[PDB]
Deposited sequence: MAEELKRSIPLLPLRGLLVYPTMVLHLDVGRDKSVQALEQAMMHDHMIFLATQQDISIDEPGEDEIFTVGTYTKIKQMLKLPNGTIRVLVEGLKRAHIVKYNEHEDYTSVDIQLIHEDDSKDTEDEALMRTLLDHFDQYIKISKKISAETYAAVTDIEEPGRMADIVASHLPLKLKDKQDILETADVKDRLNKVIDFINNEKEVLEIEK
């Protein structure tokens, strides 16, 4: 099944699956044009993740070929010229023709099909069990960690140890190591925790 001339929206550091519903804040000129172009027609767009998160104008080489045929549900034009859109993934599809225009990129795609056994039911039971084991195990580990860190009397040592358990990029951990001053170190770690807390709430 073929869909011609679908406006392309390259995602950075984010992947949308069919049936997922989320808000997106769009700013790249060529991305807001793609949105605006879709709203002038059937409200459909093609979301495809960029491979290199640092590129601002990705060519076909820099986007994955398979992505998600998507529906714009609500679109809001912000003060600054940015757009806040609510989208819903519908179907997976693959780029089959790349129409790079001046204002935005457009793409021809072919919808991909799948598609409930009694095997499938077992596998789901297994998926849920392992997922639950993994949730249970994180909860258990992090608790033991909180209790260990609780009994630490030295500020410098508490800042280091708490930093070593947070999901921080290495360069951030290195920053902590490179912060000799204990008060400065504690502050940075507190701040890191806040970011990690805010990021969690963002992804939800």
Missing stretches, numbered from 1 on the deposited chain sequence and kept in order
1 to 3, 119 to 120
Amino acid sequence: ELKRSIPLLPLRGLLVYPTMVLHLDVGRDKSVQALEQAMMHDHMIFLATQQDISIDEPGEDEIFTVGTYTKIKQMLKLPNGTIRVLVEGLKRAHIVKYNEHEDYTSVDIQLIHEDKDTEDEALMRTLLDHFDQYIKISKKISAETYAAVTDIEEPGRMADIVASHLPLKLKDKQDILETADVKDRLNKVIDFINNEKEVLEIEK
From here on, numbers count along this sequence of modelled residues.
Which of 116 to 124 and 93 to 101 has higher mean CA B factor, as the PDB entry lists it:
116 to 124
Look over 129 to 137 and 76 to 84 in the entry and identify the one with the greater average Cα temperature factor.
76 to 84
Hey, out of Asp172, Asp42, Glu36, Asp52, whose CA B-factor is highest in the deposited coordinates?
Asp52
Criterion, highest CA B-factor; candidates, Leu22, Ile193, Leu15, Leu186
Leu22
Check where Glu57 lands among this chain's C-alpha B-factors and tell me if it's the lowest, middle or highest third.
highest
Among the chain's modelled residues, which third holds the C-alpha B-factor of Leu200?
highest
By the record's CA B-factor, is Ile152 among the lowest, middle or highest third of residues in the chain?
highest
Would the CA B-factor of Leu2 place it in the lowest, middle or highest third of its chain?
highest
Third assignment of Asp29 from its chain's C-alpha B-factors:
highest
